[PDB]
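Trainee: The structure's right below; bear with me while I get my questions together.
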Amino acid sequence: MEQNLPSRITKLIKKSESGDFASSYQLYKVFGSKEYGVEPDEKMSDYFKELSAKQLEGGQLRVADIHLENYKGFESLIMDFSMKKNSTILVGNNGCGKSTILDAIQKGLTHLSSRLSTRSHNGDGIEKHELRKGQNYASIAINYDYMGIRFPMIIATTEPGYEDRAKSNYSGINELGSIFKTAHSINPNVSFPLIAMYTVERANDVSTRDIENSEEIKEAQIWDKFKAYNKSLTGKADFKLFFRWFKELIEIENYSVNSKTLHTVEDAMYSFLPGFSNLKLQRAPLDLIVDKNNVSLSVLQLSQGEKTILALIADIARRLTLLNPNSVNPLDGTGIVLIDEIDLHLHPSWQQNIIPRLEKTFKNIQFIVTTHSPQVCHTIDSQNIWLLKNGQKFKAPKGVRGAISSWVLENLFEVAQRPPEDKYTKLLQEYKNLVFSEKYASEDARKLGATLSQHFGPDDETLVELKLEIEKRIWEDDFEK
Amino acid sequence: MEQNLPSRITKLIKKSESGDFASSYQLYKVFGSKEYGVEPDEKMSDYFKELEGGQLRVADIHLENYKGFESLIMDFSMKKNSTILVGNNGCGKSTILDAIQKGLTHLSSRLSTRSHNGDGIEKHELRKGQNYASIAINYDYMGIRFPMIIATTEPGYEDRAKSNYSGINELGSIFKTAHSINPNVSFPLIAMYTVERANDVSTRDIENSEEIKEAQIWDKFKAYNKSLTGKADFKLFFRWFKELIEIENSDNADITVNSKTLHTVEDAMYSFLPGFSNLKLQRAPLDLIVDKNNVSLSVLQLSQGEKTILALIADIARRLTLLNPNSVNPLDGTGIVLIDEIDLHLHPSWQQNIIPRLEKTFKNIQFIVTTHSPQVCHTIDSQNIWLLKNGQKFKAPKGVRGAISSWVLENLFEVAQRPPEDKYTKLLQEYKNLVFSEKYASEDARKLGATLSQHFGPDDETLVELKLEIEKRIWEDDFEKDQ
Amino acid sequence: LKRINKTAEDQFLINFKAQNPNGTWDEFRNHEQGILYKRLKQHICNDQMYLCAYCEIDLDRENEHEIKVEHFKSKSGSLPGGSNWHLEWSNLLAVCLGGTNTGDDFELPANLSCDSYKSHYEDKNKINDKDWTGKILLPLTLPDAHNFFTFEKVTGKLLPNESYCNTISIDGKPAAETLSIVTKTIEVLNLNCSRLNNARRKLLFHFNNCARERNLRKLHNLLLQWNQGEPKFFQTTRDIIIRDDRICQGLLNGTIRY
Ligand SMILES: Nc1ncnc2c1ncn2[C@@H]1O[C@H](COP(=O)(O)OP(=O)(O)OP(=O)(O)O)[C@@H](O)[C@H]1O
Ligand SMILES: Nc1ncnc2c1ncn2[C@@H]1O[C@H](COP(=O)(O)OP(=O)(O)OP(=O)(O)O)[C@@H](O)[C@H]1O
Ligand SMILES: [Zn+2]
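Chains C, A and B are the protein sequences, given in the same order.
Residues 1 to 254, 314 to 540 in the deposited numbering are what the first sequence spells out, letter by letter.
Residues 1 to 50, 56 to 261, 316 to 542 in the deposited numbering are what the second sequence spells out, letter by letter.
Residues 3 to 260 in the deposited numbering are what the third sequence spells out, letter by letter.
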């Protein structure tokens, strides 16, 4: 018994001995110290931490909740994300605040990225410009989820001259970094959680104009796993390093890595982009070649939407392949990818398929995203759509998935289906009033009906309904006389 | 014939008794050998040759082997000032706008200071295959056509296309002569705004003190300094704001007029942005302060939409204020202002008012905006909406000025109302086919109805019709078969 | 809100009250499991013909989870030694979900109606006295033929009336001010919300498509389907539409006959 209680330890350690990762982490939370009824023994606790290092096979680093106080327009707002649906979409009016939450999550991950990388520096605190006018403190409290153990993190800044109340207890990110560092130590071929952030500036990077002159090809970039997070928590993505990557891989193709990673990355944009095949490089003027419906075009005059959706998934796939070692399925790892303004330079035929394609291609990735187009919204269940409004969170109305655009507008975006002050819709309202007001055919409803009939035609849905009403009511005047 | 042309003696008398501008403008060519080369005397073209209210408006365009297009002809309207080209992302919409850009740069050049150039069709801008490329543009100032063509041959085939930059030189000469008679003469607003309008406003770019340090002098041609690159020069607007406020401070310090332009520029911005008032300059570390509902914020912390709208409207207002001195209504002028993706970083509510509000505040201005959002499309007549599909022009169906977003989305965009692969729309169709059939009230029909009612609820409009028709069929069938 | 008639108890809500005087509703739900709760829900719904008391919509006849039971006088107003307002079988009504599924308390107030916006009102305006009997219409003691509600055919709203509101009295109140009671009944529950004003306006669509043919026989069939018995969903609005058509009214009372 080792003088320690063998009841609860054995109740909670059998699965750990079997291979469960959560039980070992739970053990090395109280076994070493004296926080529960267990004695302060440091043998089994350290053995459990060492063993739990080598127990991560499949998981997902996911943001679970965020708590903000006086950060940026928000007095207090406690989000609660999803651990089953891998897509949360924030919807609201421009001015209520969505990039506030996105920036808060980015600030939270700026320290996790450093904790997981070989470095140990800190990220960024709350700037002076990120405090409410006439306010004294702020907090960015965020919790994370690996295979099932909650890991907190608080990033708070207070003005010394007014009050000193809040603290900054990073805590669990250090433990997570210890787990991943030990996992690398036991075996370098271990998957890491991706972290990425994509602002509204993804477009201003895609250009193959003097790559040799500009940057990122006149270096000796060593392709490793830890440093893949370069410029990942920033705005514009990496297309020039992307082109460096194609150059190196295609030139070395001339073993297995060239046949695997290059093929998989190609298939990514091959599936996302309907009709862009047979990628190849251009050597003399140093550009890219794409075959759009069997005509060859460079990457300097392709459609802007194709450019953005190229760079986005290209960066995601590149970082997933760099972070993951030799594996049959290298795009299915883990990560928290934030994509602000998904409905950016896109056509209403791709906005209805952007999310399912992302989830089918990259399965085990969280995709906290903000949108402003209904066609993006009604592809996802209502339980995963927040409607931030007036500084407080309201969840989307019931049954958004598989709905119609007009209803989504009216009942979620607070936008009228018809234009609010178009003269023809005001005439339509006046007609609808006249039909039901026992005053039809008094020389003032017929002219307006003809005016609306000449514009919409005799086939518009609502006008046919009003025609049915007038026909039935002119039937009434017959049998009553 | 001759000697006042007895065939057209009345016509020549009408042109002689002009009393206007149109009837006294073409007289220069009429006395300058309009029919054929004869009578080049300059005395006739002195009082009949040597401007208050006009509209420099692009009328048509023609493209040959430029970008993806092979042959396409547009004819923009004249009475109404709006054009909302819509098309699939990939077929083409920026080719037309970039073509008008390549056309308008030469005009802006040849009226700014001197006659010169700087844009021509490049090699990558050539149709894959076809060699000769042409971008033909024709203007309309008070009802006169001014042709313009650009050309480029790949293998030196200097036989199929030439560049006759004619007529626009005449337009530049007319404007410069108008300037000579009176410096205070109105000029157009040739401008463009690409998809990167607001990627210039930044908190460090609000602080400045290390970016713009010179002695810029405001003149009319200042509005033509980098007006066709695809950015909203918010920094120069900030400099102009600072100069106006500092001269106001100097004036009212000497006090212890000339400021109405500031009020007009601010009022233009206050109308579009809702609740944004009390715009003031911070002499303390150089910033700009905006008041939102009695809350003093900074430009650095405004959301993306307000940044974009402020930059765009400030640029346009500044340019028209400079271009129209000593004008009781400075923000009227004329222009061919081109905007790409006017539905960018905007809420669906703001999109429904973006076109009418611009056309109200800036009335005598042309816009050839391109849109992807249906919410913008249902505020303007269908005769002004041009669909670009498969490299060709198709006109939109009638009834667009006011309509449900679903109809526009499913007719002008070829996109289904409901998601086409969602597993709750396939079930909807599978249940609706059962309802409108002879297998109603079957067990599978009940299961699908329950599944759909649990998600969409029991008061969705589609479900109500289906249940009413099931009631109809069950009543009719049971009642008839029992009898 | 129609006029629901309760029949009798079944000596199974009697035994539970006998073994436990004080009232806690969650105790009744977390009883020997689903049996008692199943059968109470069944017996309550069958008296209402599987319809909602507040907003007349079709409750699913083969899925309990879409069926909820609402206490008219709120269960938050029970007083120890004053009343037992959790289990009296005169305060139990069968209601829909009301636009919510989990009751997260973060759903839009405008969407919520029928039953949940009652609770939303109580929280928002801090109605301390949960004695709604007298200010909101009780769907157990109304007249069986109510001319209370006027169907505004334009937007689908249900609006008060001048006639029949100054004649009949409810809950012993003076008959001269029932209009305020009806108006507050509309306000507290939002029968005039989007998801119901756009659902009652389609019964008008049905009634007018069954009149395109200009055939009186089809209108006869529609009247004998909508005015025969076994009330269907939105029966009150059905009755208003039949009562607002003079051809239909004539058909049901002699003059103008086929
Ligand atoms: N420190 C502050 N002082 C005053 N107002 C503030 C402050 N912080 C935030 N706000 C207000 O709250 C709003 C927050 O803007 P925000 O960028 O977060 O909107 P968003 O819609 O969430 O982002 P995006 O447009 O990128 O989607 C500001 O526009 C501003 O009106
Ligand atoms: N030299 C070329 N060869 C082949 N195709 C070309 C060429 N130049 C342009 N294109 C065509 O132009 C199309 C994309 O150009 P474009 O930028 O006009 O589309 P867009 O996305 O609608 O633009 P925007 O959204 O910015 O208005 C591509 O399908 C491409 O095939
Ligand atoms: Zn209900």
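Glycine included, every Cβ here is placed at the ideal spot set by N, Cα and C.
Using a Cβ-Cβ distance under 7 Å, would A/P517 count as near chain B?
Mentor: As a position in the second sequence, residue 517 of chain A is number 458, starting the count at 1. Yes, its Cβ sits closer than 7 Å to a Cβ of chain B.
Trainee: With respect to 6 Å, is the separation between the Cβ of B/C57 and the closest non-hydrogen atom of ligand 3 below this value?
Mentor: Along the third sequence, one-based indexing puts residue 57 of chain B at 55. For ligand 3, a non-hydrogen atom lies closer than 6 Å to the CB of B/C57.
Trainee: Let me check understanding here. Comparing Cα to Cα, which of B/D246, B/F14, B/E66 and B/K175 lies closest to B/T152?
Mentor: What you label residue 152 of chain B is simply residue 150 of the third sequence in a count that begins at 1. For the residues B/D246, B/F14, B/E66 and B/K175, the minimum Cα distance to B/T152 belongs to B/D246.
Trainee: Would you say A/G364 lies against chain C (beta-carbon separation less than 7 Å)?
Mentor: If you number the second sequence from 1, residue 364 of chain A lands on position 305. A/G364 has a beta carbon lying within less than 7 Å of a beta carbon in chain C.
Trainee: Can you list, in chain order, the residues of the stretch 77-103 of chain B whose Cβ is nearer than 9 Å to any Cβ on chain C?
Mentor: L99, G101, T102 and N103
Trainee: Could you check what DSSP says for A/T429 in three-state terms: helix, strand or coil?
Mentor: Residue numbering aside, residue 429 of chain A sits at position 370 when the second sequence is read from its first letter. A/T429 falls in the strand class under three-state DSSP.
Trainee: In the DSSP assignment, find the beta strand (DSSP E) that holds A/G37 and state where it starts and stops.
Mentor: Position 37 of the second sequence, counted from the first residue, corresponds to residue 37 of chain A. Looking at the DSSP string, A/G37 is not in any beta strand (DSSP E), and its letter there is neither H nor E.
Trainee: Would C/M328 be called buried (16 or more neighbouring beta carbons within 10 Å of its own) or exposed?
Mentor: By one-based count along the first sequence, residue 328 of chain C stands at place 269. So C/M328 counts as buried.
Trainee: Taking 6 Å as the line, does the beta carbon of B/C116 fall inside it for any heavy atom of ligand 3?
Mentor: Locating residue 116 of chain B in the third sequence gives position 114, where the first residue counts as 1. Result yes, Cβ under 6 Å from ligand 3.
Trainee: Would C/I424 and C/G394 be called neighbours here (beta carbons separated by less than 7 Å)?
Mentor: Locating residue 424 of chain C in the first sequence gives position 365, where the first residue counts as 1. Locating residue 394 of chain C in the first sequence gives position 335, where the first residue counts as 1. The answer is yes: Cβ separation under 7 Å.
Trainee: With distances taken Cα to Cα, identify the nearest neighbour of A/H184 among A/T521, A/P433 and A/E50.
Mentor: Here the question's residue 184 of chain A lines up with position 179 in the second sequence. Cα-wise, what sits closest to A/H184 is A/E50.
Trainee: Say yes only if the C-beta of B/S182 is nearer than 6 Å to one or more non-hydrogen atoms of ligand 1, and no if none qualify.
Mentor: On the third sequence, residue 182 of chain B is found 180 positions in, with the first residue counted as 1. Answer for B/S182: no, Cβ out of range of ligand 1.
Trainee: Count the other CB atoms, across all protein chains shown, that sit within 10 Å of the CB of C/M1; report buried if there are 16 or more and exposed otherwise.
Mentor: Walking along the first sequence from the start, residue 1 of chain C turns up at place 1. Counting of Cβ neighbours within 10 angstroms places C/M1 among the exposed residues, the total staying below 16.
Trainee: Evaluate C/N385 with the Cβ neighbour count: other Cβ atoms within 10 Å of its Cβ, from every protein chain shown; 16 or more gives buried, anything less gives exposed.
Mentor: Here residue 385 of chain C refers to the residue found at position 326 when the first sequence is read from its first residue. With fewer than 16 other Cβ atoms within 10 Å, it is exposed.
Trainee: Does A/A64 get closer than 7 Å to chain B when you measure Cβ to Cβ?
Mentor: Translated into the one-based positions of the second sequence, residue 64 of chain A becomes position 59. A/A64 does not count as touching chain B.
Trainee: Figure out for me which residue from B/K75, B/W27, B/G83 and B/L94 has the closest Cα to the Cα of B/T9.
Mentor: Within the third sequence, numbered from 1, the residue matching residue 9 of chain B stands at position 7. The option with the nearest alpha carbon to B/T9 is B/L94.
Trainee: Compile a chain-ordered list of the residues in the stretch 520-535 of chain C whose CB is closer than 9 Å to at least one CB of chain B.
Mentor: The residues in question are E524, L527, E528, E530, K531, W534 and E535.
Trainee: Say the cut is 6 Å; is the CB of A/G73 nearer than that to a heavy atom of ligand 2?
Mentor: The residue given as residue 73 of chain A occupies position 68 in the second sequence. The answer is yes for A/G73.
Trainee: Just the chain A side, please: which residues come within less than 8 Å of C/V396 by C-beta, in chain order?
Mentor: The residue given as residue 396 of chain C occupies position 337 in the first sequence. Under the 8 Å cutoff, chain A gives no residues; its nearest Cβ is about 20 Å from C/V396.
Trainee: Quick one: is the Cβ of C/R132 within less than 6 Å of any heavy atom of ligand 1?
Mentor: Reading the first sequence from its first residue, position 132 is the one you call residue 132 of chain C. Checking the Cβ of C/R132 against ligand 1 gives yes.
Trainee: Looking only at C-alpha atoms, which of B/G174, B/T157 and B/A178 sits nearest to B/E164?
Mentor: The residue given as residue 164 of chain B occupies position 162 in the third sequence. Answer by Cα proximity: B/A178.
Trainee: In chain order, what residues of the same chain lie with their CB nearer than 6 Å to the CB of C/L116, ignoring the 5 residues before and after it?
Mentor: As a first step, residue 116 of chain C must be located in the first sequence, where it is residue number 116. Here the set comprises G177 and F180.
Trainee: Specify the secondary structure class of A/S336 as computed by DSSP and reduced to three states.
Mentor: Reading the second sequence from its first residue, position 277 is the one you call residue 336 of chain A. Reduced to three states, the DSSP call for A/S336 is strand.
Trainee: Quick one: measure Cβ to Cβ for A/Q442 and A/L77, integer angstroms, because I've assumed they're closer than 8 Å.
Mentor: Along the second sequence, one-based indexing puts residue 442 of chain A at 383. Along the second sequence, one-based indexing puts residue 77 of chain A at 72. Rounded, the Cβ-Cβ distance is 18 Å, inconsistent with contact.
Trainee: To which residues does DSSP link C/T380 through a beta bridge?
Mentor: By 1-based counting over the first sequence, the position of residue 380 of chain C is 321. Note: C/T380 sits in no beta bridge, so no partner.
Trainee: Express the C-alpha separation of A/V349 and B/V190 in angstroms, rounding to a whole number.
Mentor: Counted from its first residue, the third sequence places residue 190 of chain B at position 188. Counted from its first residue, the second sequence places residue 349 of chain A at position 290. When rounded, the distance between both Cα atoms is 41 Å.
Trainee: Run down chain B in chain order and give the residues with a C-beta less than 8 Å from the C-beta of C/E469.
Mentor: Translated into positions along the first sequence, residue 469 of chain C becomes position 410. Simply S196.
Trainee: Taking the alpha-carbon positions, what's the C/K54 to C/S232 distance?
Mentor: Reading the first sequence from its first residue, position 54 is the one you call residue 54 of chain C. Reading the first sequence from its first residue, position 232 is the one you call residue 232 of chain C. Going from the Cα of C/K54 to the Cα of C/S232 covers about 27 Å.
Trainee: Give me the subset of the stretch 203-232 of chain A whose CB atoms are less than 9 Å from a CB atom of chain B, sorted by chain position.
Mentor: Contact residues of the stretch 203-232 of chain A toward chain B are absent (C-beta to C-beta distance below 9 Å).
Trainee: How would you list, in chain order, the residues of chain B whose beta-carbon sits under 9 Å from the beta-carbon of A/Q476?
Mentor: Translated into the one-based positions of the second sequence, residue 476 of chain A becomes position 417. The premise fails here: A/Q476 is roughly 16 Å from chain B at the closest Cβ pair, so nothing lies under 9 Å.
Trainee: Roughly how many angstroms separate the alpha carbons of C/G172 and C/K29, rounded to a whole number?
Mentor: Position 172 of the first sequence, counted from the first residue, corresponds to residue 172 of chain C. Position 29 of the first sequence, counted from the first residue, corresponds to residue 29 of chain C. Each residue's alpha carbon lies about 11 Å from the other.
Trainee: Where does C/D519 land, buried or exposed, given buried means 16+ other C-beta within 10 angstroms?
Mentor: The count along the first sequence starts at 1 and reaches residue 519 of chain C at position 460. Per the 10 Å Cβ criterion, buried.
Trainee: I'd like to check one pair, A/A22 with A/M147: are the Cβ atoms closer than 7 Å?
Mentor: Within the second sequence, residue 147 of chain A is the residue found at index 142, counting from 1. Within the second sequence, residue 22 of chain A is the residue found at index 22, counting from 1. It is a contact, given that the beta carbons lie within the stated cut-off.
Trainee: May I ask which residues mark the beginning and end of the alpha helix (DSSP H) holding A/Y25?
Mentor: In the second sequence, residue 25 of chain A corresponds to position 25, counting from 1. Its alpha helix (DSSP H) spans residues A22 to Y25.
Trainee: Output needed for A/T323: all residues of its chain with C-beta closer than 8 Å, excluding positions within five of it in sequence on either side, in chain order.
Mentor: Here residue 323 of chain A refers to the residue found at position 264 of the second sequence. The answer, listed in chain order, is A376, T380, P389 and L390.
Trainee: Can you determine whether any heavy atom of ligand 2 sits closer than 6 Å to the C-beta of C/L382, and answer yes or no?
Mentor: For the purposes of this step, residue 382 of chain C is identified with residue 323 of the first sequence, where counting begins at 1. Short note on C/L382: C-beta not closer than 6 Å to any heavy atom of ligand 2.
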